[PDB]
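Enquirer:
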Amino acid sequence: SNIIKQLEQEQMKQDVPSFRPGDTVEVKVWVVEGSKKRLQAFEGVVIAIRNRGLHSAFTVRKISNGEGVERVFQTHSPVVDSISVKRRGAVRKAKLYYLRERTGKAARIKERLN
Amino acid sequence: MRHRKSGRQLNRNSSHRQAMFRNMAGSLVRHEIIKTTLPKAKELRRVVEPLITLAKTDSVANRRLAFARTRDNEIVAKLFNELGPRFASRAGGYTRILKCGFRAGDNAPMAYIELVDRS
Amino acid sequence: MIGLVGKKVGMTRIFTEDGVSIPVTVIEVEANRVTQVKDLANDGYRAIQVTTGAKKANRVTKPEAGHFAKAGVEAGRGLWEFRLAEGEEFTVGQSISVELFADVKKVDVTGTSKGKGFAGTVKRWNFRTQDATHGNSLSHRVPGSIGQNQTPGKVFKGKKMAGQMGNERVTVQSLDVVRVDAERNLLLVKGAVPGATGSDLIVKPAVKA
Amino acid sequence: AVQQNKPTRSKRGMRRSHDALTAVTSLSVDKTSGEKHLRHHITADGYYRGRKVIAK
Amino acid sequence: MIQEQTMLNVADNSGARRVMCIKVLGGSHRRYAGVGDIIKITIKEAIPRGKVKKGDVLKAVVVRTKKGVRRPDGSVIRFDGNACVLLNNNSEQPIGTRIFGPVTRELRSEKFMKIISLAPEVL
RNA sequence: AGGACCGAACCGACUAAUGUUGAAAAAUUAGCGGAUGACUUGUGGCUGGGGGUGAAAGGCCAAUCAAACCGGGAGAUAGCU
RNA sequence: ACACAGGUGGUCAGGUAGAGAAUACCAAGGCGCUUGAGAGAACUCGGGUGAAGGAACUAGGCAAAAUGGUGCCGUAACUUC
RNA sequence: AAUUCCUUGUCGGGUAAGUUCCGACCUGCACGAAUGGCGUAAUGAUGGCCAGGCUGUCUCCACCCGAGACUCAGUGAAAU
RNA sequence: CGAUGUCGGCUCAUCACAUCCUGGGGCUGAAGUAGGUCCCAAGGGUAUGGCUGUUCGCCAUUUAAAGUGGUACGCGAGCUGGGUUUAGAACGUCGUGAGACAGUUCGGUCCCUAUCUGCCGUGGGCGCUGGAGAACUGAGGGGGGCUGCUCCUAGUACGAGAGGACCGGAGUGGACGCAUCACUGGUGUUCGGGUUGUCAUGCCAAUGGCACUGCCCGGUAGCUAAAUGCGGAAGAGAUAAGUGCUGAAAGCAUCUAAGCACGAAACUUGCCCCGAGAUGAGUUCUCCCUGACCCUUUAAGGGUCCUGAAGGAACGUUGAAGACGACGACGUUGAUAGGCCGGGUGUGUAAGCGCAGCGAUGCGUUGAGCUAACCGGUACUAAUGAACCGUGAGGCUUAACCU
Ligand SMILES: [Mg+2]
Ligand SMILES: [Mg+2]
Ligand SMILES: [Mg+2]
Ligand SMILES: [Mg+2]
Ligand SMILES: [Mg+2]
Ligand SMILES: [Mg+2]
Ligand SMILES: [Mg+2]
Ligand SMILES: [Mg+2]
Ligand SMILES: [Mg+2]
Ligand SMILES: [Mg+2]
Ligand SMILES: [Mg+2]
Ligand SMILES: [Mg+2]
Ligand SMILES: [Mg+2]
Ligand SMILES: [Mg+2]
Ligand SMILES: [Mg+2]
Ligand SMILES: [Mg+2]
Ligand SMILES: [Mg+2]
Ligand SMILES: [Mg+2]
Ligand SMILES: [Mg+2]
Ligand SMILES: [Mg+2]
Ligand SMILES: [Mg+2]
Ligand SMILES: [Mg+2]
Ligand SMILES: [Mg+2]
Ligand SMILES: [Mg+2]
Ligand SMILES: [Mg+2]
Ligand SMILES: [Mg+2]
Ligand SMILES: [Mg+2]
Ligand SMILES: [Mg+2]
Ligand SMILES: [Mg+2]
Ligand SMILES: [Mg+2]
Ligand SMILES: [Mg+2]
Ligand SMILES: [Mg+2]
Ligand SMILES: [Mg+2]
Ligand SMILES: [Mg+2]
Ligand SMILES: [Mg+2]
Ligand SMILES: [Mg+2]
Ligand SMILES: [Mg+2]
Ligand SMILES: [Mg+2]
Ligand SMILES: [Mg+2]
Ligand SMILES: [Mg+2]
Ligand SMILES: [Mg+2]
Ligand SMILES: [Mg+2]
Ligand SMILES: [Mg+2]
Ligand SMILES: [Mg+2]
Ligand SMILES: [Mg+2]
Ligand SMILES: [Mg+2]
Ligand SMILES: [Mg+2]
Ligand SMILES: [Mg+2]
Ligand SMILES: [Mg+2]
Ligand SMILES: [Mg+2]
Ligand SMILES: [Mg+2]
Ligand SMILES: [Mg+2]
Ligand SMILES: [Mg+2]
Ligand SMILES: [Mg+2]
Ligand SMILES: [Mg+2]
Ligand SMILES: [Mg+2]
Ligand SMILES: [Mg+2]
Ligand SMILES: [Mg+2]
Ligand SMILES: [Mg+2]
Ligand SMILES: [Mg+2]
Ligand SMILES: [Mg+2]
Ligand SMILES: [Mg+2]
Ligand SMILES: [Mg+2]
Ligand SMILES: [Mg+2]
Ligand SMILES: [Mg+2]
Ligand SMILES: [Mg+2]
Ligand SMILES: [Mg+2]
Ligand SMILES: [Mg+2]
Ligand SMILES: [Mg+2]
Ligand SMILES: [Mg+2]
Ligand SMILES: [Mg+2]
Ligand SMILES: [Mg+2]
Ligand SMILES: [Mg+2]
Ligand SMILES: [Mg+2]
Ligand SMILES: [Mg+2]
Ligand SMILES: [Mg+2]
Ligand SMILES: [Mg+2]
Ligand SMILES: [Mg+2]
Ligand SMILES: [Mg+2]
Ligand SMILES: [Mg+2]
Ligand SMILES: [Mg+2]
Ligand SMILES: [Mg+2]
Ligand SMILES: [Mg+2]
Ligand SMILES: [Mg+2]
Ligand SMILES: [Mg+2]
């Protein structure tokens, strides 16, 4: 409705950069440990993007310490602070769920130049 | 339960409904008035009227789309040469339902569905 | 304390500064205007009768339109009634805004739930299904046994059986109110209230505190 | 799954108490041809709300 | 989201490779166990010379789930497998000395301050 | 070469579900076994009831079998209902 | 007993793919199975997909799911070789 | 033990836990040598047990597609 | 005995209290903690596995606890068919034998479309005394009632130490329940794409049909749980066991006889829902009707003509309402549904053309094209002028007022 959209567009963030699935992205989130807010980095491959305006989200997969870690960030949440596209990739799907069984050389994605 | 859903099942499976409305939309373009049952007449508006709106822009691509929906070149020719420019100013609502009583074989509530600019 | 009559606009979320997402339910609350003040001398109890929204003039009936004309107020889409506490009073044509909830902290939201229709005992009363294999003859989601043998030639009252589920008055208690926006007539409560989108809601301050 | 006593014709009449048909309330009359039809249906000659909606 | 009969990988150098949850502790009829939850387990596969032995029965704390754990913004952190760190039965401190793979911020407490200390990465 | 192997026709009937006033007085559906042999099938023949026939289950002998069917003794007899 | 999802011997054997008379789609040819129309509850029937777990179900992995082809590599105990 | 009453014998293995299973023991209620004894490769829509894969079997069900059920019109049973 | 289906499991249960947990007490050979024992208390709660057909039992590991019983050893016109208990076969054993064995072993058809009671839902009729539209009160009925752990009080009381509280407060769980779809997900045979075989559209190109939606990949709305909100209370009243105060009978003593006080998850309330068919049919508010005459058996009488209100119903467009009724929205003075326009979302760069390449193909046009149920708009189509039902001041008897 008009009432919902007015409440949601005033909470959105005006600086979300344009990224596609397959872009190697680097997300800086806020971490409150003890009492000092620090800014932990998270960097992997965008395997899914779900666009719903304020409720928009995206999924980042990385291979951390041998283990694969998926993390579904809420885009307009303030606990994420920066989103930076490190390396943009060339895929032909909207959601890269097949990377959950590809490792090493098989899970490469080529670079979307230009 | 059927909350906020759309489309009538009409006691058919999905491929039969698509092939029945493919035949029936071509039959309505061909004769400009047909007599069918009232649930099938109301559900036919969601098929024919997107085809007529498709026919307002005569491109080669839209001929291929309208052929992919109907699979009859005589209907696609009638859509873009006649019913395209006939309805070129109307903002939708290209057809009209006229309830015509009850079928003698099974008491089915029938209806005439016709194009607006017919008579 | 009295409550107010609103409408379920939908659900959204309020991102706090701390990184917490609060799932909220937007309830628009237009100006509730009173239509009748009830008292002990005439009615035996103390309450007010409010109205909200608008209604088509050709559709409000002459008995109903005469009731608004006595109070001298525009016809609203319904008539609800809130019991008065002691030391609490209102005039007849008085309008009541959403600023009444400016300093409450928890509310109870009463609505009519969604209509599930005729529901079976797996869905309605959370019965266990029987075995889906191992020989079961036509009895996968049936309620099973319903009584005992000859001792009570009879099934007891209130036995959990299939029937109408939902489409009835339910009240969710102690909802945390998040934001009271008087300028655009809104009310944000934490969590999910009953009812579909666009249905009437009765928001009262919480009685269990 | 079957009865133990013959139900009476009185009980039979009480079950058929709701099986009565409802006659049509009033037939609408066309303003041009003046003939009677079902409300919101076309006439037998092919009129509906005045105009001749279908030839014959 | 670990229940009975669930096989888990082992996240430390305690000597086990593959353990099975046999009881989700802390409450009657308790179905599941997320991260930070104590489970009684058995050992199904071990290294030849470890602190633990095949068939031992002991406790464990779940540190990684494939279902994942949710953060108060609404975000969720999923892993590709199920991993737990073995505990002593009584003292309920970890047996191994080196934690493998990441853990989460839900794990840290006064109870498991040692495990997040030894983890290579805390998400 | 094969009472060989895998597998359709064909022959059989292991399991489940349906069906159980059925579509069907034993079937359908999805699987299943054999499938050049002690195989299977058409047509015609022969064996008759204390008899036949039986790779034997008291199986089969016209939807009937610890003695078929039909007619007769016959209105058997019934201290039983 | 039925205009009955059964049973019934012989002959004819197109295309594409395929080892094939399997199977998919078609030709020649023949059909749409003699109640329909709506609606889109529980429940039943026949199916589809499923988070996390993976036999904890159960008398029993019943049923489902899974495996599935060709070529090449490679292949244990035991053995009447 | 297709045989063992006592018996879930005892011991060992397998399992977190095994009245079943497997290996022993012999105290064979009441094995035993062509109403055959003991072995035995291959074979079995055979019996019991274990493991891998697999999964709505299950924790605990959810949704969907169709055929009924439901409503209308036509025909129109049955047991009791 | 002209048939009352049986062990165990499954799925629903329900009651008792001789109480397993939680609650309240008394005594203790009760320091504390933890117990023993008995009294009160049935409000709620009250495991999962291994083995076995098992109930049971043993064992593993839980838990505050894993209560004992009644219910045709509850429950097969609800399910299962492992056990028992048909016909086959075998062992041991008995018998010359046919055969037999609460000895064992392998195999072995579980039917019923609900007339009545009952129960879960949902309607029609009529009533409630003129008719109608609403809002109610609450007689009564139902729901709900569980609890861990940590922290503080406080290492305080207690204790030789070891240990370690009552009372009170805060947090966070398990199980259960209600609601919801904002999140995370599932589904999504009505959206998009990939692709195998084949057939067709004259052919190319491009599509469509069929093959389980052909096989997949994603996915809108909706519905959903595993997702996330919320709930159990506090309080009050009267109490149980119990504890008392004052106090005689009985100069004392004594909780009781007179009088008074305290006392539990039980009881009545408080919370939620239904609820005036509550025939004892209630209350409030508003709206509508202010015509003539005939009749004989003169009465709560019958009829004629005129009149047809408020409202309702029917019909139509329909719905996050729904089996059907019902309920809700709307019917031109109109956004009810469809279409249309715009947006969003999803899918992932359409077709055509051009270029590069021997070609498969790649690139540009191009985040293109298509896009369901969604959002905001828009009378384009369909929601008709009517007709129909409902009437025309509403009994008697007193009483109090009014003139
Ligand atoms: Mg709709
Ligand atoms: Mg039909
Ligand atoms: Mg198809
Ligand atoms: Mg509904
Ligand atoms: Mg079950
Ligand atoms: Mg059966
Ligand atoms: Mg079934
Ligand atoms: Mg019974
Ligand atoms: Mg009785
Ligand atoms: Mg009788
Ligand atoms: Mg009837
Ligand atoms: Mg052979
Ligand atoms: Mg045979
Ligand atoms: Mg078959
Ligand atoms: Mg073969
Ligand atoms: Mg015999
Ligand atoms: Mg015979
Ligand atoms: Mg004879
Ligand atoms: Mg004889
Ligand atoms: Mg004689
Ligand atoms: Mg005689
Ligand atoms: Mg026929
Ligand atoms: Mg051929
Ligand atoms: Mg074939
Ligand atoms: Mg037929
Ligand atoms: Mg259905
Ligand atoms: Mg499947
Ligand atoms: Mg699954
Ligand atoms: Mg998926
Ligand atoms: Mg999975
Ligand atoms: Mg088991
Ligand atoms: Mg079990
Ligand atoms: Mg099987
Ligand atoms: Mg299969
Ligand atoms: Mg013996
Ligand atoms: Mg024995
Ligand atoms: Mg096992
Ligand atoms: Mg042993
Ligand atoms: Mg077993
Ligand atoms: Mg042995
Ligand atoms: Mg012998
Ligand atoms: Mg001998
Ligand atoms: Mg022998
Ligand atoms: Mg009928
Ligand atoms: Mg008897
Ligand atoms: Mg009898
Ligand atoms: Mg007692
Ligand atoms: Mg005590
Ligand atoms: Mg009780
Ligand atoms: Mg109880
Ligand atoms: Mg009670
Ligand atoms: Mg109480
Ligand atoms: Mg047990
Ligand atoms: Mg007894
Ligand atoms: Mg019994
Ligand atoms: Mg019992
Ligand atoms: Mg039984
Ligand atoms: Mg049996
Ligand atoms: Mg025998
Ligand atoms: Mg016997
Ligand atoms: Mg009624
Ligand atoms: Mg009560
Ligand atoms: Mg409590
Ligand atoms: Mg949702
Ligand atoms: Mg949504
Ligand atoms: Mg999804
Ligand atoms: Mg799908
Ligand atoms: Mg969804
Ligand atoms: Mg094709
Ligand atoms: Mg081509
Ligand atoms: Mg075809
Ligand atoms: Mg075909
Ligand atoms: Mg209290
Ligand atoms: Mg005294
Ligand atoms: Mg005294
Ligand atoms: Mg008191
Ligand atoms: Mg307008
Ligand atoms: Mg519209
Ligand atoms: Mg659009
Ligand atoms: Mg997009
Ligand atoms: Mg292009
Ligand atoms: Mg395409
Ligand atoms: Mg580009
Ligand atoms: Mg796009
Ligand atoms: Mg709209």
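Chains as they are written, first to last, in the authors' numbering: chain P, 2 to 115; chain N, 1 to 119; chain C, 1 to 209; chain b, 2 to 57; chain K, 1 to 123.
Here a beta-carbon is modelled for each residue, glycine too, at the ideal position from N, C-alpha and C.
Buried or exposed, going by whether 16 or more other CB atoms sit within 10 Å of the CB of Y112 (chain N)?
Expert: Residue numbering aside, residue 112 (chain N) sits at position 112 when the second sequence is read from its first letter. By the neighbour-count rule (16 or more Cβ atoms within 10 Å), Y112 (chain N) is buried.
Enquirer: Considering only DSSP beta bridges, list what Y112 (chain N) is partnered with.
Expert: Taking the first residue of the second sequence as position 1, residue 112 (chain N) is located at position 112. According to DSSP, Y112 (chain N) bridges with N:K35 and N:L98.
Enquirer: From C:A206, C:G195 and C:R184, pick the residue whose C-alpha is nearest to that of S97 (chain C); which is it?
Expert: Position 97 of the third sequence, counted from the start, is the residue given in the question as residue 97 (chain C). Out of C:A206, C:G195 and C:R184, C:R184 has the C-alpha closest to the C-alpha of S97 (chain C).
Enquirer: Tell me which residues of the region 72 to 95 of chain K have at least one Cβ-Cβ distance to chain P shorter than 9 Å, keeping chain order.
Expert: Residues passing the 9 Å Cβ filter: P72, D73, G74, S75, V76, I77, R78, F79, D80, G81 and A83.
Enquirer: With the cut-off set at 8 Å, would you say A31 (chain C) and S95 (chain C) are in Cβ contact?
Expert: For this step, residue 31 (chain C) is matched to residue 31 along the third sequence. For this step, residue 95 (chain C) is matched to residue 95 along the third sequence. Yes, these two residues count as a Cβ contact at 8 Å.
Enquirer: Taking DSSP as the reference, what is the three-state secondary structure of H56 (chain P)?
Expert: Position 55 of the first sequence, counting from 1, holds the residue named residue 56 (chain P). The answer is helix: DSSP assigns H56 (chain P) an H, G or I state.
Enquirer: For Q164 (chain C), which three-state DSSP category applies?
Expert: Position 164 of the third sequence holds residue 164 (chain C). Correct three-state label for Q164 (chain C): strand.
Enquirer: Give me the chain N residues within the contact set of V54 (chain b), using Cβ-Cβ distance strictly less than 7 Å, ordered along the chain.
Expert: As a working note, residue 54 (chain b) is residue 53 in the fourth sequence. In chain order: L98.
Enquirer: Starting from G191 (chain C), find everything on chain N with Cβ-Cβ shorter than 8 Å and list it in chain order.
Expert: Residue numbering aside, residue 191 (chain C) sits at position 191 when the third sequence is read from its first letter. Within 8 Å Cβ-Cβ: nothing; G191 (chain C) doesn't reach chain N, min ~21 Å.
Enquirer: Please specify which runs of the beta strand (DSSP E), each continuous and at least 3 residues long, are wholly inside the region 18 to 78 of chain K, giving them in chain order.
Expert: Whole beta strand (DSSP E) segments, 3+ residues: 38 to 46 and 57 to 64.
Enquirer: With respect to the alpha helix (DSSP H) encompassing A91 (chain P), which residues constitute its N-terminal and C-terminal limits?
Expert: On the first sequence, residue 91 (chain P) is found 90 positions in, with the first residue counted as 1. Premise fails: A91 (chain P) is in no alpha helix (DSSP H) and is neither H nor E.
Enquirer: Just list the beta strand (DSSP E) runs in the region 24 to 81 of chain C, keeping only unbroken ones of 3 residues or longer that don't cross its boundaries, in chain order.
Expert: Listed in chain order, they are 32 to 38 and 47 to 51.
Enquirer: Output yes or no for whether 8 Å exceeds the beta carbon distance between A196 (chain C) and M11 (chain C).
Expert: As a first step, residue 196 (chain C) must be located in the third sequence, where it is residue number 196. As a first step, residue 11 (chain C) must be located in the third sequence, where it is residue number 11. It is not a contact, given that the beta carbons lie outside the stated cut-off.
Enquirer: Would you verify that the beta carbon of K116 (chain C) is, or is not, closer than 8 Å to some beta carbon of chain N?
Expert: Stepping through the third sequence from its first residue, residue 116 (chain C) is reached at position 116. Closer than 8 Å: yes.
Enquirer: Rounding to the nearest angstrom, what Cα-Cα distance links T171 (chain C) and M161 (chain C) in this structure?
Expert: On the third sequence, position 171 is the one that residue 171 (chain C) refers to. On the third sequence, position 161 is the one that residue 161 (chain C) refers to. In a straight line, the C-alpha of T171 (chain C) is about 23 Å away from that of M161 (chain C).
Enquirer: Straight-line CA distance for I38 (chain K) to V109 (chain C)?
Expert: Taking the first residue of the fifth sequence as 1, we reach residue 38 (chain K) at position 38. Taking the first residue of the third sequence as 1, we reach residue 109 (chain C) at position 109. If you take the alpha carbons of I38 (chain K) and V109 (chain C), they lie about 38 Å apart.
Enquirer: Kindly indicate if chain K contains any beta-carbon less than 8 Å away from that of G10 (chain C).
Expert: As a first step, residue 10 (chain C) must be located in the third sequence, where it is residue number 10. Taking Cβ atoms only, chain K never reaches closer than 8 Å to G10 (chain C), which makes this a no.
Enquirer: With distances taken Cα to Cα, identify the nearest neighbour of residue 147 (chain N) among N:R103, N:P50, N:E114 and N:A104.
Expert: Outside the displayed range of chain N (1 to 119) lies residue 147 (chain N), so it cannot be described from this structure.
Enquirer: By Cβ distance below 8 Å, which residues in the same chain neighbour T37 (chain N) in space, the five residues on each side in sequence not counted?
Expert: What you label residue 37 (chain N) is simply residue 37 of the second sequence in a count that begins at 1. Counting only Cβ-Cβ distances below 8 Å, and skipping sequence neighbours, we find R103, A108, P109, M110 and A111.
Enquirer: Please confirm whether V24 (chain C) has its beta-carbon closer than 8 Å to some beta-carbon of chain K.
Expert: As a first step, residue 24 (chain C) must be located in the third sequence, where it is residue number 24. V24 (chain C) does not count as touching chain K.
Enquirer: Identify the contact partners of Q12 (chain P) in chain C, using a Cβ-Cβ distance below 8 Å as the criterion.
Expert: The residue you call residue 12 (chain P) lines up with position 11 of the first sequence. Neighbours of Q12 (chain P) on chain C, chain order: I14 and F15.
Enquirer: Going along the chain, which residues of its own chain have a beta-carbon closer than 6 Å to the beta-carbon of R77 (chain C), five neighbours each way excluded?
Expert: Translated into the one-based positions of the third sequence, residue 77 (chain C) becomes position 77. Correct list, in chain order: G53 and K55.
Enquirer: Could you give the residue range of the beta strand (DSSP E) that holds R72 (chain P)?
Expert: Start at 1 with the first residue of the first sequence, and residue 72 (chain P) comes out as number 71. Where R72 (chain P) is concerned, the enclosing beta strand (DSSP E) stretches over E68 to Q75.
Enquirer: If contact is defined by three or more beta carbon pairs under 8 Å, each pair taking one atom from either stretch, is the region 136 to 147 of chain C in contact with the region 13 to 23 of chain b?
Expert: Cβ pair count under 8 Å is below three, so no.
Enquirer: Assign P102 (chain K) to one of three DSSP states: helix, strand, or coil.
Expert: As a working note, residue 102 (chain K) is residue 102 in the fifth sequence. DSSP places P102 (chain K) in coil when its eight states are reduced to three.
Enquirer: Helix, strand or coil for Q5 (chain b)? Go by DSSP, reduced to three states.
Expert: In the fourth sequence, counting from the first residue as 1, residue 5 (chain b) sits at position 4. Note: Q5 (chain b) maps to coil in three-state DSSP.
Enquirer: Around the Cβ of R72 (chain P), are there at least 16 other Cβ atoms within 10 angstroms (buried) or fewer (exposed)?
Expert: Taking the first residue of the first sequence as 1, we reach residue 72 (chain P) at position 71. Answer is buried; the Cβ neighbour count reaches 16.
Enquirer: Have a look at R78 (chain K) and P72 (chain K) and give me their C-alpha separation to the nearest angstrom.
Expert: Your numbering for residue 78 (chain K) matches position 78 in the fifth sequence. Your numbering for residue 72 (chain K) matches position 72 in the fifth sequence. So the two alpha carbons sit approximately 15 Å from each other.
Enquirer: Can you give, in chain order, each stretch of the beta strand (DSSP E) that sits fully within the region 115 to 173 of chain C and has at least 3 residues?
Expert: As far as the region 115 to 173 of chain C is concerned, its whole beta strand (DSSP E) runs of at least 3 residues are 115 to 119 and 163 to 166.
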